[PDB]
Amino acid sequence: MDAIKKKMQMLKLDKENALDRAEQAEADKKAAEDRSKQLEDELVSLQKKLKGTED
Amino acid sequence: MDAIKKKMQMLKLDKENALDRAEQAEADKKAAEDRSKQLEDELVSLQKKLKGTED
Amino acid sequence: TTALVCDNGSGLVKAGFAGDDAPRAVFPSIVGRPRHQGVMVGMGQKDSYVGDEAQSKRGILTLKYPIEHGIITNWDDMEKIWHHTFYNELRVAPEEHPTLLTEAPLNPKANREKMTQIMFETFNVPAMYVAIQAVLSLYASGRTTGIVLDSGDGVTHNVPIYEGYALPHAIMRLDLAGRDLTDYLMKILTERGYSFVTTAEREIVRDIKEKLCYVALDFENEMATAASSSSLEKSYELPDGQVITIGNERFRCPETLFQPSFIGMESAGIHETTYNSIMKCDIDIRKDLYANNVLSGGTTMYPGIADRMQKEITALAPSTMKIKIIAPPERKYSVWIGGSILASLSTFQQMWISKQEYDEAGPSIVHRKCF
Amino acid sequence: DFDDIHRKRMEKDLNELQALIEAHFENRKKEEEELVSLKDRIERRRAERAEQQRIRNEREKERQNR
Ligand SMILES: Nc1ncnc2c1ncn2[C@@H]1O[C@H](COP(=O)(O)OP(=O)(O)O)[C@@H](O)[C@H]1O
Ligand SMILES: [Mg+2]
C-alpha cells in the first residue's frame, strides 16, 4: 500500500527528532551545571579574599 | 485492519514520550543556564565590590 | 474465594471476577417487554428479554433502560438485570462471592441504601462494597494523583484527587453524557429527512454515533469546510438497506460536550468544568493536576477529543503550566479494570461490609465508616 | 505504584504486535490463495457442467423435435 509507509516513516522520524533534541539539551544542561559549579567555587574564594581585604 | 492499528498506536506512544522528554529537557536547559548566568552576574558584582574595597 | 467486580453503569453492564484484565460479560442494560399480540402458540415467548437478548429481538420490543442518570428509577427492572448478570452471564451463585458495585458521585442516598439492601436480602451475598466510579479509573491508570473526567453514558463527573486524598469540595458533576448526545444526534438527523422515533431506532442512532461521529479540533473551520467541499460525507447502511449520508452532523453531535447550550443546558462544557474543578483546589497542587489530567468512560472515545480538550485547557490555563491529557487505549473498561485491581488488594480485604454488620445497623451502614 | 506500568505495557508493546503480525500472515496464507485456487477449480467444474448441459439439451431437442 501507500499510507502505511509514509505515516510510519514520519512517526519514526518524529521520535528520532525528539530523542536527539532531548540528548542535545541534556548535554548542554550538564555542561552548564558544571560551569555553574565552577562559578560557585570561585565565588566562595572571591568572598574570602574580599573579607580579608576588608579586615 | 487489526494489527496495523495497534502498531500505529505503539508508534504514537513512542512519539508522545519522546516529544515530552525533549520538551522537558529543553526546559531544564533553559532553567540551568539562567541559574548559571545569574551566578556569573553575582560574581561580577562581587568583583566590582572587591575593587571598591581595594580603592 | 474470588470477588465479583460488578459495575452497573448506565448503558452497558460490565462484570467479571476480580484479578483479570477485562470484564467477562459486557451487555447493554435494557429490559424490553413485547408490545404486539402474538399468535403462534407454544413458541416459548417470554415476558421480558433482558441484556443482549433484547438487542436481537428489538424489532418487536419496547426497550427501556432502568437507570436514567446514575440514579436507578425502576428497581424491579434493575433487580432483573442483576439476576441475569449473576446467573446467566457469569453462572456463579452470589451466595459464595463478595461483590463490589460502583456508584457515581453526589447520588441520592436512597439509591445506595436500596442497592445494598437488595444485594443483602434478595441475592444474599456474603459482603458488598460500594466505590466511587472515579477513584477506580484513577487506580487503573497506575497513578496516585490527577483529576479524572469520567464521561460515562449517564452522567459526566470530574473528581480531583491528590496524593490519595480526595477533595470533596471540588467535585463537579454534570448530567450531560452519551445518552443526551444520542438524542441530539437523533434530533439533528431530521434535517436531512431521516426520522428515527421508536425506542428501538435509538439503538440504530447510537450505532451511527459510535461509528461515524468525531470531535472537531476547531469547530468554525470544520463548519466552513463541510459547507463548501464534500470530503466529509460518510455513508452508512441501515439494518435494511437505504444507505444514509451524514454531512456536518458528524462533528456537530459530539460538539455538544464542549457547548452544552446546543441541547439547551446552561452549564459550561467539559473543557471548562475541568478548569473550574482545578481552580477550586488549593494553590499548591494545581500544577500536578494540570499535568495528570485523566480521561475515562465510554463517551471519551471520540476520535480527536484528547487534542481538542488539551487545546481548550491550554487556552484557559496559565501559559507556564504543562497540560497533559492521559487517554489510555483501554478507556471504556478503565473503571472496571481499576475495580479489579482494588478488589485484588490485600490491604482492602477488611473494608467489605460484612453481613453481620448489616444485620446490626440496617441498610444505613453504607454511609458509616465502611463507606 | 507506577512500576507495574512497565510490566503491563512493555509486554504487549512487542508481544502483541508480533503475535498479531503472525496471525495476519497465517490467516492471509490460509485464506487468499486457497480461496482463489478453489474458485478456479469450481469454475472449471462449472464449465464442464455447462458443456454437459449443452450436449444433453441439444440431443434431447434433436430427438424430441416432431
Ligand atoms: N467507540 C465509541 N465511540 C463513541 N462513543 C462510544 C463508543 N463506545 C461507547 N460510546 C458511548 O459510550 C456509551 C457507553 O458508555 P459506558 O462507559 O459504557 O457507560 P457506563 O459508565 O454506564 O458504563 C455508549 O452509550 C455510547 O454512546
Ligand atoms: Mg462508567
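Every residue, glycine among them, receives a Cβ derived from its backbone with ideal geometry; neighbour counts consider all protein chains shown. Every number in this text was worked out from the coordinates using simple rules, so none of it is lab data.
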(message) Explain nothing, just the number: relative contact order of segment C:60-142, from Cα pairs under 8 Å at least 6 residues apart, as a whole percent.
(response) 29
(request) Pull up all non-local amide H partners of residue C:172: gap of 5 or more, or a different chain, and H-to-H distance under 5 Å with H placed in the peptide plane. (result) C:158
(request) For n ≥ 4 DSSP H runs only, could you compute -39500 (n - 2.57) per run for chain B, divide by its residues and tell me the 222 nm figure to the nearest 500? (result) -35500 deg cm²/dmol
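Using only atoms on other chains, find how many Cβ atoms lie within 10 Å of each Cβ of peptide B:7-14 and report the average.
Working: counts 7, 4, 3, 7, 8, 5, 4, 8.
Whole-number average of other-chain Cβ neighbours for B:7-14 is 6.
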(request) Let me know the mean shielding of B:31-42 by other chains, meaning the per-residue number of their Cβ atoms within 10 Å of its Cβ. (result) 5
(request) Would you mind giving the mean number of other chain beta-carbons within 10 Å of the Cβ of each residue in C:138-146, as a whole number? (result) 2
(request) Only loop residues by DSSP count here, and only those with at most 16 other Cβ atoms within 10 Å; note down the GluC sites (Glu not before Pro) in segment C:238-284 that meet that. (result) C:266
(message) Which one, C:208, C:44, C:164, projects farthest toward the positive side of the charge dipole computed for chain C from Cβ point charges (K/R +1, D/E -1)?
(response) C:208
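Please get the size of the charge dipole for the protein assembly as shown, origin at its Cα centre, with Cβ charges of +1 on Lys and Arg and -1 on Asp and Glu, quoted in debye to the nearest 20.
Working: 82 positive and 93 negative charges, 420 e Å.
The dipole magnitude comes to about 2020 debye.
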(message) Using +1 at the C-beta of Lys and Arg and -1 at the C-beta of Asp and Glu, which of B:22, C:290, C:199 has the Cα lying farthest in the positive direction of the dipole of the protein assembly as shown?
(response) C:199
(message) For a quick check: with amide H placed at 1.01 Å from N, whose amide H comes under 5 Å from residue C:214's, ignoring anything fewer than 5 positions away on the same chain?
(response) C:251
(request) Could you state, as a whole-number percent, how many of the C-alpha pairs of chain B are farther apart than 16 Å? (result) 67
(message) I want to verify a result. In a Gaussian network model of chain C, Cα cutoff 10 Å, which of these has the top mean-square fluctuation: C:328, C:318, C:260?
(response) C:318
(request) Would you mind computing Rg(Cα) / (2.2 N^0.38 Å) for segment C:295-371, counting N as its residues? (result) 1.70
(request) Apply the Karplus parameterisation 6.51 cos²θ - 1.76 cosθ + 1.60, with θ equal to phi minus 60°, to every residue of segment C:346-356 and state each ³J(HN,Hα) to the nearest whole Hz, in sequence, with x for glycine and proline. (result) 6, 5, 7, 5, 9, 8, 5, 8, 5, 5, 4
(message) How big is the dipole moment of chain C about its Cα centre under a simple scheme where the beta carbon of each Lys and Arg is +1, that of each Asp and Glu is -1, and everything else is neutral? Debye, nearest 20, please.
(response) 120
(message) For residue C:326, what residues show an amide H to amide H distance below 5 Å, using hydrogens built from the backbone and excluding near sequence neighbours?
(response) C:293, C:294, C:295
(message) Counting only helical runs of four or more DSSP H residues, what would the 222 nm mean residue ellipticity of chain D come to if each run contributes -39,500 (n - 2.57) and the total is spread over all its residues?
(response) -35000 deg cm²/dmol
(message) With viscosity set to 0.890 mPa s at 25 °C, what whole-number translational diffusion coefficient in µm²/s follows for segment C:189-305 from Stokes-Einstein and a Kirkwood radius over Cα pairs?
(response) 148
(message) I'd like the Karplus ³J(HN,Hα) series for segment C:95-102: coefficients 6.51, -1.76, 1.60, θ = phi - 60°, whole numbers in Hz, and an x wherever there's a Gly or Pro.
(response) 5, 10, 7, x, 10, 10, 6, 10
(request) Read phi for every residue in segment B:2-11 and hand back ³J(HN,Hα) as whole Hz from Karplus 6.51 cos²θ - 1.76 cosθ + 1.60, θ = phi - 60°, with x for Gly and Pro. (result) 10, 5, 4, 4, 5, 5, 4, 5, 4, 4
(message) So for chain C, averaging the separation of alpha carbon pairs under 8 Å that are six or more residues apart and normalising by length, what relative contact order in percent results?
(response) 20
(request) Given the peptides D:30-37, C:34-41, arrange them by the average over their residues of other C-beta atoms within 10 Å, most packed first. (result) D:30-37, C:34-41
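Rounded to the nearest 20 debye, what is the charge dipole size of segment C:284-371 about its Cα centre when +1 sits on each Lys and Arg Cβ and -1 on each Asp and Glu Cβ?
340
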(request) Mind jotting down the three principal axis lengths of segment C:1-145 based on Cα atoms? Whole angstrom, largest first. (result) 59, 32, 29
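Based only on Cα atoms, what mean projected area does the convex hull of the protein assembly as shown have, in nm²? Show your work: numbers first, answer last.
Details: hull surface 175.9 nm².
Orientation-averaged projected area of the Cα hull: 44.0 nm².
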(request) Answer rounded, prolate or oblate for chain C, using the Cα gyration tensor with square roots of eigenvalues a ≥ b ≥ c: rounded when a/c is under 1.5, else prolate when a/b is larger than b/c, else oblate. (result) oblate
